[PDB]
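Protein chains in written order, with this note's numbering: chain B, 1 to 126; chain Z, 127 to 159; chain L, 160 to 470; chain F, 471 to 702; chain D, 703 to 925; chain H, 926 to 978. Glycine included, C-beta positions come from ideal geometry on N, C-alpha and C. The next block holds one structure in the form of structure tokens; read it before the comments.
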Amino acid sequence: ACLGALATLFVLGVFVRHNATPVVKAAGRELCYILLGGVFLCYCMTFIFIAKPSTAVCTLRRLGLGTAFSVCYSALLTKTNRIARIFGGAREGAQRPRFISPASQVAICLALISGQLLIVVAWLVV
Amino acid sequence: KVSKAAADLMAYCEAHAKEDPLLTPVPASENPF
Amino acid sequence: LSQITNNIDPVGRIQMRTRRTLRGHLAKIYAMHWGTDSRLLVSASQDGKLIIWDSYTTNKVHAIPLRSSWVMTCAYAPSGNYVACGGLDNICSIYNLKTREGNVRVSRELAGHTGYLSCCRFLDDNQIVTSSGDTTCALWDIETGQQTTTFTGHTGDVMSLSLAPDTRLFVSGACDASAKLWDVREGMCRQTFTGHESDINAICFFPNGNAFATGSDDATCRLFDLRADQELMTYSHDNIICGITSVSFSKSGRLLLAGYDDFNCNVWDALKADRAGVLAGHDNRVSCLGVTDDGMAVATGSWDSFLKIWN
Amino acid sequence: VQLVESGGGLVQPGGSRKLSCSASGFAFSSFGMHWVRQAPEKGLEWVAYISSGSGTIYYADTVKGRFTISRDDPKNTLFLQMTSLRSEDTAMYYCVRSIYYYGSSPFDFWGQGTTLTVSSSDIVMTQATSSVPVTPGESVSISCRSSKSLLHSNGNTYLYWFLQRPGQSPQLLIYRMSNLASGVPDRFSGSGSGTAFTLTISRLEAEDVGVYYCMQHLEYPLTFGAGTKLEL
Amino acid sequence: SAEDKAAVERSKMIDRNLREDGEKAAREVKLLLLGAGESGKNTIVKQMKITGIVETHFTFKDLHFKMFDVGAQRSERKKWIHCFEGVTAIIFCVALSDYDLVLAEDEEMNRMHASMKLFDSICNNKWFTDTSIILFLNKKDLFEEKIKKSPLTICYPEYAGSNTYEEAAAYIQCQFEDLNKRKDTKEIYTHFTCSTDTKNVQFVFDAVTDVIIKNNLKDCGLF
Amino acid sequence: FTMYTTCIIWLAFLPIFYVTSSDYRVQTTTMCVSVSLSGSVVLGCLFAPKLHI
């Protein structure tokens with residue numbers, strides 16, 4: 001897990017070092033950032049799983065596992081939805097589709113994560 | 127004369143300045159905007 | 160004369176905020192002419208529509224389509240019954256607003272020009288005046304749909320027109336750095352003014368009928384009279400490079416509402432020759448400044464599809 | 471332009487029939503319609519209203535939950551279902567168009583309608599007179615009262631005047647009590663305060679035998695009242 | 703808010719109608735045309751289904767194209783172009799055979815020189831910085847005949863090469879694609895057109911799809 | 926392609942933990958390495974263009 005976290009930190013650093021290249025510009029900058037954050041949170045969850053079980057630690061586990069999985073899943077979903085947009089926009093008219101700005105995609109994935117947290121706390125209070 | 131025209135314009139701007147909301151602090155309650 | 164205008168007490172720094180946020184347009188705005196009742200205004204979209212907006216309640220009533228997709232300008236009748244539309248197809252369509260059995264129907268299509276309708280205006284219900292792009296700011300009629308008087312005397316092309324409360328004379332500035340004062344009665348040019356370098360984007364008119372101000376693309380405004388034959392006052396700024404694209408006056412004439420291409424507008428003083436206030440809040444450059452007859456509203460038609468009443 | 475109704479006749483209380491009002495010559499998709507009826511002994515009464523373009527619904531107090539009205543813009547027709555009919559509904563149903571905006575002329579043109587016979591919160595406004603003899607050419611000044619103050623926040627009153635000539639549709643006379651409509655001469659002058667209203671008519675003309683009615687549009691209920699008739 | 707309810711409802715209705723009309727208009731991509739006089743306009747506007755400017759609209763492969771032919775405009779270009787923001791791409795129709803001829807305006811400049819000046823003017827303006835240009839080359843057979851009859855050394859003194867058509871077309875492909883300051887946001891798509899090779903709408907379709915895709919990616923920073 | 930690879934990796938790892946969930950004494954230890962393998966798979970899916978450059 002420490003090696004994975006080091007690799008994630010290194011790839012995040014090499015991404016933020018050069019941002020004018022089209023390689024990192026093709027995929028979502030905010031999208032790849034939140035994906036790397038989700039992977040780092042997966043590794044932090046792997047760290048937390050090996051620890052002394054406590055009610056606070058156990059609730060943190062229950063929330064963080066779902067959060068770390070849902071962040072990556074929502075980032076991939078947003079990326080593939082933008083790919084569907086680039087595939088279906090040329091076939092249709094010349095208009096900017098709804099929810100295309102990067103901040104809008106960040107809002108969408110944050111809303112998905114908020115829904116995941118809402119359902120996990122709605123099942124947690126029971 | 128240009129001085130006469132300038133004086134006439136200044137007199138018109140000073141005499142009709144009471145009915146100009148762009149230069150007077152009109153209240154916002156009674157104003158439609 | 161510039162020494163007698165330096166004894167008047169300065170009005171000071173004036174600051175005014177927006178009143179209504181006219182949202183709903185999805186294209187550029189090039190001209191938003193104001194009515195005479197100080198309540199309704201007309202706005203020319205760029206896709207296919209022409210919307211007559213309301214100012215107090217901020218609710219649209221007629222958003223009529225046009226055969227011409229591009230609408231360069233618009234004009235609202237003083238009676239509130241007809242509207243004139245510009246464009247590039249040389250079709251100054253006259254839509255009938257107060258019509259029976261329907262919302263709005265077109266009355267006549269004004270054709271017979273080779274340039275482009277840049278600034279239309281209404282003298283009365285029938286006798287109207289246009290400003291085409293082929294140096295022909297001729298006068299028009301609605302009943303016959305044909306021209307009655309043609310105004311010539313500009314070297315380049317004309318893209319601005321302003322009327323007088325007396326309705327007998329009207330000044331109009333062309334792209335040759337010259338504004339000519341035409342007379343509706345005789346049809347000839349009374350005098351052509353000189354002293355500006357860049358082209359005249361838009362022109363206004365003094366409320367009394369003895370002066371006017373031209374909008375030059377050289378970041379300079381001038382207050383030219385009608386009986387003095389000489390520039391009285393000039394307004395220049397150093398930290399800007401773009402030029403004014405629309406000039407207007409208030410009900411008194413002291414506040415000169417100028418619109419630059421700095422994504423904002425300015426309020427100059429006709430006597431102190433100093434920028435009183437800066438009206439910011441536009442994402443794009445302003446295209447028209449419509450001030451009411453009583454100074455109750457100052458609408459702006461910036462290209463960001465936003466009409467902001469700064470009063 | 472025309473508003474022609476059909477489907478009348480003798481019906482039984484509790485039966486079923488189809489009534490429509492055919493209209494053509496205007497933008498039917500941008501004009502709200504009313505169903506104001508006229509009884510031979512009772513004044514007019516508004517029952518239902520649809521917004522321009524199948525929008526909102528407006529009903530009365532004694533009709534909410536009984537009647538149902540639909541519109542068809544591609545067919546340009548009005549579908550009315552008359553169920554649970556009582557023996558006291560003998561009236562002249564109209565198909566009146568209206569449009570509401572700044573400076574609009576609501577209730578500009580009224581329909582003709584058909585007649586029918588049968589076998590055997592709320593805002594109310596009273597009138598001043600019932601039937602007085604008025605000579606043509608005397609500058610008649612008709613007065614009217616109300617039960618509320620016409621001091622709306624927009625800054626204008628809401629009082630419309632109508633007249634039903636014998637055999638002629640109840641056309642519009644003046645809207646907002648201060649602005650003349652289309653189709654009337656420049657002789658009516660309406661004024662008054664927020665409670666009382668007055669209307670002066672100078673230089674009268676012939677065929678001025680219609681009865682005058684008033685209407686307020688401050689709320690959904692629209693009550694015309696009894697009616698002030700004019701004689702020769 | 704009591705009696706103005708109908709006014710607000712009508713405003714909302716016409717606002718929904720305006721939004722529908724704007725969505726329908728955005729579905730129709732807008733293209734303008736430029737070039738010299740009789741540079742091959744009829745050969746491309748007569749194959750489609752379909753004073754002031756001309757505006758035609760035609761559907762192809764479930765896509766509405768709105769072509770705007772300026773044609774004859776008595777006013778100067780500085781005005782109507784200055785107010786043409788919001789276009790996806792422009793079209794520049796030229797004829798390569800107009801290199802040995804001289805226009806009847808000054809009898810001192812070549813037609814190709816005037817076309818290059820027009821291109822440098824429409825590419826160095828503050829309104830067409832993010833707009834692409836699609837070059838149409840009309841009457842390529844006339845250009846082949848001219849280059850077989852004329853050595854082209856009279857029109858271009860700095861040019862040096864053999865006498866053929868392929869290398870001349872390649873030099874043309876590299877002569878109008880370098881006047882711009884940058885090529886990352888000013889991509890150019892060149893195509894030939896003559897009496898043969900019918901149904902050239904596939905090229906302009908691919909070009910408009912590519913430019914609108916690049917615009918949508920630059921909107922979100924994906925490009 | 927990388928998304929399809931990640932999805933088939935998910936579909937292959939799901940029965941692994943579904944059958945290893947029995948005898949949770951070892952499941953509490955394999956959870957960490959499973960999450961680490963999943964994070965590594967996502968890292969590869971994301972950095973395939975970064976690994977090629």
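Below 8 Å CB to CB, which residues in the same chain sit around residue 411 (chain L) once its five sequence neighbours on both sides are set aside? Taken in chain order, the residues that qualify are 366 and 454.
Find the nearest neighbour of residue 228 (chain L) within the set L:238, L:250 and L:240, judged by alpha-carbon distance. For residue 228 (chain L), the nearest C-alpha among the options comes from L:250.
Looking at chain B, is there any beta carbon in it that lies within less than 8 Å of the beta carbon of residue 972 (chain H)? So yes, residue 972 (chain H) belongs to the interface.
Report, in whole angstroms, the separation of the C-beta atoms of residue 450 (chain L) and residue 408 (chain L), which I expect to be a contact under 8 Å. Rounded, the Cβ-Cβ distance is 6 Å, consistent with contact.
Own chain residues within Cβ distance below 6 Å of residue 112 (chain B), not counting five before or after: Closer than 6 Å at the Cβ level, and outside the excluded window around residue 112 (chain B), lie 74.
How far does the alpha helix (DSSP H) with residue 62 (chain B) in it reach, from first residue to last? Here the alpha helix (DSSP H) through residue 62 (chain B) covers 55 to 89.
Taking the DSSP output, what are the residues bridged to residue 631 (chain F)? Its beta-bridge partners are F:644 and F:684.
Kindly indicate if chain F contains any beta-carbon less than 8 Å away from that of residue 706 (chain D). Yes - at least one Cβ of chain F is within 8 Å of the one on residue 706 (chain D).
Whole-angstrom Cβ separation of residue 253 (chain L) and residue 264 (chain L), contact assumed at under 8 Å? Not confirmed; about 10 Å, so no contact.
What in chain B is Cβ-close to residue 730 (chain D), meaning under 7 Å? From the beta-carbon of residue 730 (chain D), the residues of chain B found nearer than 7 Å are 93.
Tell me which same chain residues have a C-beta within less than 6 Å of the C-beta of residue 697 (chain F), skipping the five on either side of it? Within the same chain, Cβ atoms closer than 6 Å to the Cβ of residue 697 (chain F) are found at 513, 681 and 683, the five residues on either side in sequence being excluded.
Of the listed residues L:463, L:210, L:425 and L:462, nearest to residue 469 (chain L) (C-alpha basis): With distances taken between CA atoms, residue 469 (chain L) lies nearest to L:425 out of L:463, L:210, L:425 and L:462.
Quick check on the DSSP output: the beta strand (DSSP E) that includes residue 208 (chain L) runs from which residue to which? Residue 208 (chain L): member of the beta strand (DSSP E) spanning 208 to 213, first to last residue.
Neighbour flag for residue 51 (chain B) against chain H, beta carbons, 8 Å: Residue-level contact by beta carbon fails for residue 51 (chain B) and chain H, as no gap is shorter than 8 Å.
DSSP three-state label for residue 784 (chain D), please. Correct three-state label for residue 784 (chain D): coil.
On the CB-based measure, 16 or more other CB atoms within 10 Å of its CB, does residue 45 (chain B) come out buried or exposed? Flag for residue 45 (chain B) reads buried.
Kindly say whether residue 90 (chain B), judged by its beta-carbon, lies nearer than 8 Å to any beta-carbon of chain D. For residue 90 (chain B), the nearest beta carbon of chain D is closer than 8 Å to its own beta carbon.
In whole angstroms, give me the CA-to-CA distance for residue 855 (chain D) and residue 811 (chain D). Answer to the nearest angstrom: the Cα atoms are 15 Å apart.
Looking at residue 828 (chain D): is its Cβ nearer than 8 Å to the Cβ of residue 798 (chain D)? Taking 8 Å as the Cβ cut-off, residue 828 (chain D) and residue 798 (chain D) do not qualify as a contacting pair.
Among residues of its own chain, excluding the 5 on either side of residue 540 (chain F), which ones have a beta-carbon nearer than 6 Å to its beta-carbon? 549.
At least three beta-carbon pairs within less than 8 Å, the stretch 720 to 730 of chain D to the stretch 501 to 517 of chain F: No: the two stretches stay apart, fewer than three of their Cβ pairs being nearer than 8 Å.
Look at the alpha carbon of residue 48 (chain B) and the alpha carbon of residue 20 (chain B), and state the distance between them as a whole number of angstroms. Taking the straight line joining both Cα atoms gives about 36 Å.
Per DSSP, what kind of secondary structure is residue 364 (chain L) in: helix, strand or coil? In the structure shown, residue 364 (chain L) sits in coil (DSSP, three-state: anything other than H, G, I, E or B).
Could you give the C-beta distance for residue 824 (chain D) and residue 736 (chain D), rounded to a whole number, given that I count them as a contact under 8 Å? Correct: roughly 7 Å between the Cβ atoms.
What's the call for residue 146 (chain Z), buried or exposed, on a 16-neighbour Cβ count within 10 Å? Residue 146 (chain Z) counts as buried, since at least 16 other C-beta atoms from the protein chains shown sit within 10 angstroms of its C-beta.
Using the beta-carbon of each residue, which ones in chain D are nearer than 8 Å to residue 127 (chain B)? Because chain B in this structure spans residues 1 to 126, residue 127 (chain B) falls outside the shown range and cannot be described.
Candidates F:631, F:499 and F:656: closest to residue 578 (chain F) by CA position: F:631 is the residue among F:631, F:499 and F:656 whose C-alpha sits nearest the C-alpha of residue 578 (chain F).
Closest Cβ-Cβ distance between residue 80 (chain B) and chain H: below 8 Å? Yes, because at least one Cβ of chain H sits closer than 8 Å to the Cβ of residue 80 (chain B).
Using 8 Å as the threshold, is the stretch 542 to 556 of chain F in touch with the stretch 479 to 495 of chain F, meaning 3 or more CB pairs across them? A contact exists between the stretch 542 to 556 of chain F and the stretch 479 to 495 of chain F.
I need the boundaries of the beta strand (DSSP E) containing residue 658 (chain F), first residue and last residue. First-last of the beta strand (DSSP E) with residue 658 (chain F): 658 to 662.
Please list the partners that residue 228 (chain L) has in chain D, where partner means a Cβ-to-Cβ separation under 7 Å. Taking a Cβ-Cβ cut-off of 7 Å, the neighbours of residue 228 (chain L) in chain D comprise 757, given in sequence order.
What residues from chain D crowd round residue 29 (chain B), counting only those whose CB sits closer than 8 Å? Within chain D, the residues near residue 29 (chain B) are 923.
What residue does the alpha helix (DSSP H) around residue 818 (chain D) start on, and which one ends it? Per DSSP, residue 818 (chain D) belongs to the alpha helix (DSSP H) from 813 to 825.
Taking only the alpha-carbon atoms, compute the straight-line gap between residue 388 (chain L) and residue 352 (chain L) and give it to the nearest angstrom. Taking the straight line from one Cα to the other gives about 7 Å.
Hey, is residue 109 (chain B)'s beta-carbon within less than 8 Å of any beta-carbon in chain H? By the rule that beta-carbons nearer than 8 Å mark a contact, residue 109 (chain B) does not touch chain H.
Determine the contact status of residue 25 (chain B) and residue 844 (chain D), defining contact as a CB-CB distance below 8 Å. Residue 25 (chain B) places its beta carbon 8 Å or farther from that of residue 844 (chain D).
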